[PDB]
Visitor: 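Here you go, one structure.
All values below were derived from every heavy atom in this structure, side-chain atoms included, with hydrogens, water molecules and symmetry-related copies excluded. Chain letters run A, B, ... following the sequence lines, proteins first and then strands; every chain starts at 1.
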Amino acid sequence: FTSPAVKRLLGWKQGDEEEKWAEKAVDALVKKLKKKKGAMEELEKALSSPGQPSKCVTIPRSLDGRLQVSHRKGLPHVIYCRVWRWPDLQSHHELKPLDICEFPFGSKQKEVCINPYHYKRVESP
Amino acid sequence: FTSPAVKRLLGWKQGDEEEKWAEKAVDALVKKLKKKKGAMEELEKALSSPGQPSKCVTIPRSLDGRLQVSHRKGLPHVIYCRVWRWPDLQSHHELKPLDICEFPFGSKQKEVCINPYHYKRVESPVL
DNA sequence: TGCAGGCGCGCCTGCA
DNA sequence: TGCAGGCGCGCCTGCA
DNA sequence: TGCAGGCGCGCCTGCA
DNA sequence: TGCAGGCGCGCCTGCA
Ligand SMILES: [Zn+2]
Ligand SMILES: [Zn+2]
């Protein structure tokens, strides 16, 4: 537990280039999900109640499989798993989908599920 | 132009190892400044009003010159200039004190000024 | 309708 | 094949 | 000589 | 007092 003065000084802290890019990625995601009824609400539910099961929160898959946000490319499930669960996540080799996920990245479907609680972290083989 | 829902989703964002280390460094700083009358108030004033002049906000200098925060060592003025002004700051070679600073790191005194607005960013010289 | 500017997927290339 | 990075057309948006 | 990194004793604090 | 845990400066070492 920190002091109110500590919280105030941390409000003046400058975010690094990576933190600023993550904000852009969350913003790019919301723009897509706002077009789908209940998607925003489902993602918020998954981030708020980790122990509770949640539905798939998907986005369209590109031919390459990579997603671009502000001049940077990456795998969509890796990008959002890094934002909300594991900032030190190395690659998709460190992820495996849970059995409930109907649209995991590896399934190569039209839609890709980006619900970070539909993936588990594994040791890279 | 941030939407309320974006503000909420960003509240659930995990800070990286570097962001978490910075919180420890700010906490380690406050513990030292709380012992000095008006030091906390002066630092808050310098971060809130960047165009306004402010006094020195100093901490004791070690023999080495380096400060340790949670198993990691660095120069104190570099640490706090990175927190509040330039996250991409490479070394002390990229900093020069202002003329108003009475306690710059380079002057080698018993106290070192860590007010980030008492330093200016310069290009590091070619070796 | 003329004139701009911002974004990203698709396309291409280059190591290993 | 896996993995990455550079480039630009097409699409979208906003004025007067 | 500049620049790092690893180790532990001394110091401080918090329950009972 | 007894007992424990967290933190960092000082000390040491190793390059180029
Ligand atoms: Zn899913
Ligand atoms: Zn100063």
Visitor: Among the nucleotides C:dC9, C:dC11, F:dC9, which one has an atom lying closest to any side-chain atom of B:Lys32?
Guide: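 My answer, after comparing the listed nucleotides, is F:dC9.
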
Visitor: Take the protein atom CG of B:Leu63 and the nucleotide atom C1' of E:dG2, then report the distance between them rounded to whole Å.
Guide: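 B:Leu63 atom CG is separated from E:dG2 atom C1' by 17 Å.
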
Visitor: Quick check on A:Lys45: does its NZ atom have over 12 non-hydrogen neighbours (other residues, nucleotides or ligands) under 6.0 Å away?
Guide: no

Visitor: D:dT1 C1' sits how many Å from A:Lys108 NZ, rounded?
Guide: 10 Å

Visitor: Which listed nucleotide (E:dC7, E:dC3, C:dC11) is nearest to the side chain of A:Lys73?
Guide: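 Comparing E:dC7, E:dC3, C:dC11 against the side chain of A:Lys73, the answer is C:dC11.
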
Visitor: Quick one: look at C1'-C2'-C3'-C4' in C:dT1 and give me north (positive) or south (negative).
Guide: south

Visitor: Does E:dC3 have OP1 or OP2 under 4.0 Å away from a side-chain N or O of B:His92?
Guide: yes

Visitor: Atom NZ of B:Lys34 and atom P of E:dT13: how far apart are they, to the nearest Å?
Guide: 14 Å

Visitor: In whole angstroms, how far is the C1' atom of E:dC3 from the CZ atom of B:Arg66?
Guide: 8 Å

Visitor: What is the distance, to the nearest angstrom, from the CH2 atom on A:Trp21 to the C1' atom on C:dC7?
Guide: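 One finds 14 Å between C1' of C:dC7 and CH2 of A:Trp21, rounded.
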
Visitor: Decide yes or no for A:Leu43 and A:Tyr80: does some side-chain heavy atom of the first lie under 4.5 Å from some side-chain heavy atom of the second?
Guide: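 They are not in contact (no side-chain heavy atoms under 4.5 Å apart), so the answer is no.
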
Visitor: Quick one: A:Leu67 CG to C:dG8 P, roughly how many Å, whole number?
Guide: 8 Å

Visitor: Apply side-chain contact (heavy atoms from CB on, under 4.5 Å) to the pair A:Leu47 and B:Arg8, showing each step before the final yes or no.
Guide: CA-CA 10 Å; A:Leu47 303 177; B:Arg8 290 197 309 274; over 6 Å; no

Visitor: Between atom CG in A:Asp64 and atom P in D:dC7, what is the gap in whole Å?
Guide: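 After rounding, the reported distance stands at 17 Å.
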
Visitor: With both distances under 3.5 Å as the test, what is the Watson-Crick or G-U wobble partner of C:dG2?
Guide: D:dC15

Visitor: How would you label the contact of A:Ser70 with the nucleic acid (heavy atoms, under 4.0 Å): base, sugar-phosphate, or nothing?
Guide: sugar-phosphate

Visitor: Counting distance alone, no hydrogens or angles: does the base of D:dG5 have a donor or acceptor under 3.5 Å from a partner atom on the side chain of A:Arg72?
Guide: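 Answer is no: no donor-acceptor pair is held.
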
Visitor: If we call it a pair only when both distances are under 3.5 Å in a Watson-Crick or G-U wobble match, what pairs with D:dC7?
Guide: C:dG10

Visitor: Whole-Å distance between C:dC7 P and A:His71 NE2?
Guide: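 Whole-Å distance recorded here is 6 Å.
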
Visitor: I want to verify a distance call: between E:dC7, E:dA4, D:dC7, whose nearest atom is closest to the A:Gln68 side chain?
Guide: D:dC7

Visitor: Which heavy atom of B:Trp21 sits nearest a heavy atom of B:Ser70, and at what distance?
Guide: NE1-O, 3.7 Å

Visitor: Crowded around B:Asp88 CG? As in, over 12 foreign heavy atoms under 6.0 Å?
Guide: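 Enclosed.
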
